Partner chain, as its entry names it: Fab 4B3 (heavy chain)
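In the block that follows, a single chain appears as structure tokens, in the form deposited without its partner chain.
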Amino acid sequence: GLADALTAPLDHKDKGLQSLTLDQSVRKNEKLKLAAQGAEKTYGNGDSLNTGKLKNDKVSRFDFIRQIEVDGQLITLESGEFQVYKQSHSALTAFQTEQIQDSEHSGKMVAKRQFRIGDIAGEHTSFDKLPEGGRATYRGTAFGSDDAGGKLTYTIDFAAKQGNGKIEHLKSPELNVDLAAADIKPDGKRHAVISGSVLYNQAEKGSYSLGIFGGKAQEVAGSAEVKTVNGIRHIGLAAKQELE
């Protein structure tokens, strides 16, 4: 429902997450042009992405162009693929860079492949409204460059307010890491968050952060940044616990 996320107006009977705010996906004064399936739209820092139209628990793919206005003229800074993973109470965006602006000439694009996680948003679970007990396990997907086939497992102990998990099945072996035990903490707005280190074969190889989403802490969404021999790579993370 790509062309549709780009043109249709929020329909309220749409499966959530319905709306995603682009903040880390687009800087203050730049434009992001998304295209797909005979449609096209421009955003917009603070602008809303209609995720209601997209399929749940999958990666939606758009063509993207990032621009800036210099002297009443748009200059291309970067292009490639914009990735969107959607859950019910959360969603994240990612960028697969295929091209960036040449280092010496603004007006020339150069081939460069990079991957980063953009926005991480949704209906933030309040820290002060967490359960006090139990161990919720979460299952879902871990995606990196050229690979949305990774499997994520994460477990939260709400009494000890710690989380810990695992990444498996990503083609790149160095990305299959352990998300070490880490403390849940309150946000600046008191949203439940988690940040810890990453382990690969018992060695510290970076860090990870997760938000907790849903009235019932149904979901977790975030990112891992991992040190490889090539070296530092991002992994998008989205998991949810199974309902009844």
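Residue numbers count along the first chain shown, from 1.
Unshown form solved in complex with its partner chain; subsequent notes refer to it.
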Quiz item: Here the chain is shown alone; which of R61, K55, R190, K216 has a heavy atom within 4.5 Å of its partner chain in the deposited complex?
Solution: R190
Quiz prompt | 4.5 Å heavy atom contact, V110 to its partner chain in the deposited complex | solution = no
Quiz item: Taking heavy atoms and a 4.5 Å cut-off, does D183 contact its partner chain in the deposited complex?
Solution: yes
Exercise. Look up in the deposited complex whether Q162 has a non-hydrogen atom within 4.5 angstroms of its partner chain, and give yes or no.
Key: yes
